[PDB]
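Enquirer: Attaching a single structure in structure tokens format; questions to follow.
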Amino acid sequence: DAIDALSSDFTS
Amino acid sequence: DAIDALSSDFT
Amino acid sequence: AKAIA
Amino acid sequence: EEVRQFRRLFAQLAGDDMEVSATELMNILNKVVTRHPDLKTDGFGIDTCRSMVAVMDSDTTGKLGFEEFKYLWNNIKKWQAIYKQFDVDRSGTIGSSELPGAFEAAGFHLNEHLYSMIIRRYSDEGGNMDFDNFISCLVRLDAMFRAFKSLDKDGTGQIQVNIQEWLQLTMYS
Amino acid sequence: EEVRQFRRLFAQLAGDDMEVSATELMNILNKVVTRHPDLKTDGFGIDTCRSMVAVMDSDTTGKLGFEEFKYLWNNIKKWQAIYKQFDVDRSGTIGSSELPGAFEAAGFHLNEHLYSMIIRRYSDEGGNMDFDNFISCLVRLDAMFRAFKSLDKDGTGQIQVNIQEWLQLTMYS
Ligand SMILES: [Ca+2]
Ligand SMILES: [Ca+2]
Ligand SMILES: [Ca+2]
Ligand SMILES: [Ca+2]
Ligand SMILES: [Ca+2]
Ligand SMILES: [Ca+2]
């Protein structure tokens, strides 16, 4: 969840 | 075996 | 984060 | 606002003490990068993370408070996009010939001599730089530029520092 | 003559290029600490080794030549001797209360602000410092003190550095 949020900040 | 040499040099 | 010259 | 959300998210990442330690940063960064296997990396080592934290730890608390983490993450976010932009052959790494461009894209303008040492310190045998080295390098490069600028003022462009400060700036990084 | 003997030993450690790379240093080191359980450590990370190399790489070849390796190794074995001396409770690590003594022993006189930052950057969650962190920390401290001196006329106590020099000094470390 917290990681999901961060990961989505990564392009592609 | 160059390691053991080095391994021995320090207590 | 910027410049050198 | 979007910020209030990140603040909310930071709270999940910070844990009880409300700051992100080197260990937390490592697991967080590794949990993120693993979800993007297109970013070739051996993972962020604990050592690299203590260094990133220390270099970002302006208020010397040993960990990263909200603002520091946000600054760090905004940078990683932006640099991560640049990393993809310059991994033109899709090898998962930044080739040596693509590196100057990527750095420039991050707003960094150095020279053949700096890039050579950068490569030497951050690239593999083939002149390639993987994701953690790329990110850790830029975090450091950004922090070092800010350190200089802050120690300067508005002109000179040549700071002076004693031994106390030199060890501070170099040992705690 | 020990140098001749060490020279013959070094040759077996360097290889093709006659110098020890970060990867080669890491392996030599970890294979050595392994043979010494009493030395608590999770091994020398590749980034830590890259950092030690850069810092030791005075002639900027990217790897450690004989003289640089000999210097580094003479320091490690001696600092390693000090390490065991200060691991009073045979914990395999150095206590935070024992750390200031271990450092003084190594010949380093820093304190108050400085020291706290060191602990903060290299100590564990309890203030204890393990082998790779202890060694790496001293290798860097030694490198920095020395790097400072080499930039002083008659030790006016201060060094003036421009941007290129600063980035060179801090990025290649
Ligand atoms: Ca925390
Ligand atoms: Ca902090
Ligand atoms: Ca590529
Ligand atoms: Ca070699
Ligand atoms: Ca060298
Ligand atoms: Ca102890």
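In the structure tokens, chains take letters A, B, ... by order of appearance, with residues numbered from 1 within each chain and ligands from 1 in the order shown.
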Which protein, DNA or RNA residues have an atom within 10 Å of ligand 5, counting only C-alpha atoms and all ligand atoms, as a ChimeraX atom specification?

Expert: /E:19-21,53-69

Enquirer: If you count only C-alpha atoms, which residues fall within 12 Å of residue D:118, apart from same-chain ones fewer than 3 positions away, as number ranges by chain?

Expert: D: 96, 99-100, 103, 110-115, 121-124, 127-129, 133-134, 136-138, 140-141; E: 50-51, 54, 60, 62, 167-173

Enquirer: What residues in stretch 2-43 of chain D get the DSSP label alpha helix (DSSP H)? Please answer as an MDAnalysis selection string.

Expert: chainID D and resid 2:14 22:34

Enquirer: Would you mind listing the residues within 6 Å of ligand 6, counting only C-alpha atoms and all ligand atoms, as a list in words?

Expert: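 Checking only C-alpha atoms and all ligand atoms against ligand 6 at 6 Å gives residues 87, 88, 89, 90, 91, 93, 94 and 95 of chain E.
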
Enquirer: What residues in chain D lie within 6 Å of chain E, counting only C-alpha atoms, written as a PyMOL selection string?

Expert: chain D and resi 62+120+157-162

Enquirer: Save the residues we just selected, N, CA and C atoms, as a PDB file, in the first residue's frame?

Expert:
```pdb
ATOM      1  N   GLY D  62      20.273  11.535  12.281  1.00  0.00           N
ATOM      2  CA  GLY D  62      20.634  10.166  11.953  1.00  0.00           C
ATOM      3  C   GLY D  62      19.636   9.470  11.047  1.00  0.00           C
ATOM      4  N   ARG D 120      34.156   5.883 -13.159  1.00  0.00           N
ATOM      5  CA  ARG D 120      35.118   5.101 -12.397  1.00  0.00           C
ATOM      6  C   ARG D 120      34.567   4.683 -11.048  1.00  0.00           C
ATOM      7  N   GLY D 157      32.653  31.309  -5.560  1.00  0.00           N
ATOM      8  CA  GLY D 157      32.639  30.057  -6.292  1.00  0.00           C
ATOM      9  C   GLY D 157      33.912  29.318  -5.938  1.00  0.00           C
ATOM     10  N   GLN D 158      34.317  29.465  -4.683  1.00  0.00           N
ATOM     11  CA  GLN D 158      35.529  28.844  -4.177  1.00  0.00           C
ATOM     12  C   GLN D 158      35.508  28.976  -2.655  1.00  0.00           C
ATOM     13  N   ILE D 159      34.908  27.994  -1.984  1.00  0.00           N
ATOM     14  CA  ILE D 159      34.780  28.008  -0.528  1.00  0.00           C
ATOM     15  C   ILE D 159      36.018  27.591   0.253  1.00  0.00           C
ATOM     16  N   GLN D 160      36.043  27.994   1.516  1.00  0.00           N
ATOM     17  CA  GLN D 160      37.133  27.665   2.410  1.00  0.00           C
ATOM     18  C   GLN D 160      36.509  26.912   3.573  1.00  0.00           C
ATOM     19  N   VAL D 161      37.226  25.924   4.087  1.00  0.00           N
ATOM     20  CA  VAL D 161      36.717  25.119   5.181  1.00  0.00           C
ATOM     21  C   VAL D 161      37.877  24.622   6.036  1.00  0.00           C
ATOM     22  N   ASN D 162      37.664  24.543   7.346  1.00  0.00           N
ATOM     23  CA  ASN D 162      38.708  24.070   8.241  1.00  0.00           C
ATOM     24  C   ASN D 162      38.607  22.554   8.373  1.00  0.00           C
TER      25      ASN D 162
END
```

Enquirer: Check the smallest atom-to-atom distance from each of E:139, E:151, E:13, E:102 to chain B using only C-alpha atoms, then report the winner.

Expert: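 Under the stated criterion, the closest residue is E:13.
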
Enquirer: Give me the residues within 9 Å of residue D:6 as an NGL selection string, counting only C-alpha atoms and dropping any in the same chain fewer than 4 places off.

Expert: (:A and (5)) or (:D and (1-2 or 10-11 or 70))

Enquirer: Give me, as number ranges by chain, all polymer residues having an atom no more than 8 Å from stretch 7-11 of chain B, counting only C-alpha atoms and skipping those fewer than 6 positions away in the same chain.

Expert: E: 32, 35, 77-78, 80-81, 84

Enquirer: Any chance you could export the current selection's N, CA and C atoms as a CSV table (one decimal), in the first residue's frame?

Expert:
```csv
chain,number,residue,atom,x,y,z
E,32,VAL,N,38.5,-13.1,4.2
E,32,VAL,CA,39.4,-13.0,5.4
E,32,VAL,C,38.6,-12.9,6.6
E,35,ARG,N,37.2,-16.1,7.8
E,35,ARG,CA,38.1,-16.9,8.6
E,35,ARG,C,38.3,-16.3,10.0
E,77,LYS,N,45.1,-4.3,9.0
E,77,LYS,CA,45.6,-5.3,9.9
E,77,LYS,C,45.9,-4.6,11.3
E,78,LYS,N,46.4,-3.4,11.3
E,78,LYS,CA,46.7,-2.7,12.5
E,78,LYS,C,45.4,-2.2,13.2
E,80,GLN,N,42.6,-3.6,12.8
E,80,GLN,CA,42.0,-4.9,13.1
E,80,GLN,C,42.5,-5.3,14.5
E,81,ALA,N,43.8,-5.1,14.7
E,81,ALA,CA,44.4,-5.4,16.0
E,81,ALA,C,43.7,-4.6,17.1
E,84,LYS,N,40.1,-5.8,18.0
E,84,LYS,CA,40.0,-6.9,19.0
E,84,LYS,C,40.3,-6.4,20.4
```

Enquirer: Mind pulling up the distance from atom CA of residue D:40 to atom CA of residue D:79?

Expert: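 So the answer is 14.6 Å.
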
Enquirer: So that I can check the secondary structure, give me every residue of chain D assigned strand (DSSP E or B) by backbone DSSP, as a ChimeraX atom specification.

Expert: /D:20,64,94,129,158-162

Enquirer: Pull out every residue of chain A that has at least one atom within 7 Å of chain D, counting only C-alpha atoms, and report them as a ChimeraX atom specification.

Expert: /A:2-3,6-7,9-11

Enquirer: What residues in chain C have any atom no more than 10 Å from chain E when counting only C-alpha atoms, and can you write them as a PyMOL selection string?

Expert: chain C and resi 3-5

Enquirer: Pull N, CA and C atoms from the residues just selected and write them as a CSV table (one decimal), in the first residue's frame.

Expert:
```csv
chain,number,residue,atom,x,y,z
C,3,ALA,N,25.1,22.9,-12.8
C,3,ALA,CA,26.3,23.7,-13.3
C,3,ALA,C,27.7,23.6,-12.9
C,4,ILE,N,28.6,23.8,-13.9
C,4,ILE,CA,30.0,23.7,-13.9
C,4,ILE,C,30.4,24.4,-15.2
C,5,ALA,N,31.4,25.3,-15.1
C,5,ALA,CA,31.9,26.0,-16.3
C,5,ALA,C,33.1,26.9,-16.0
```
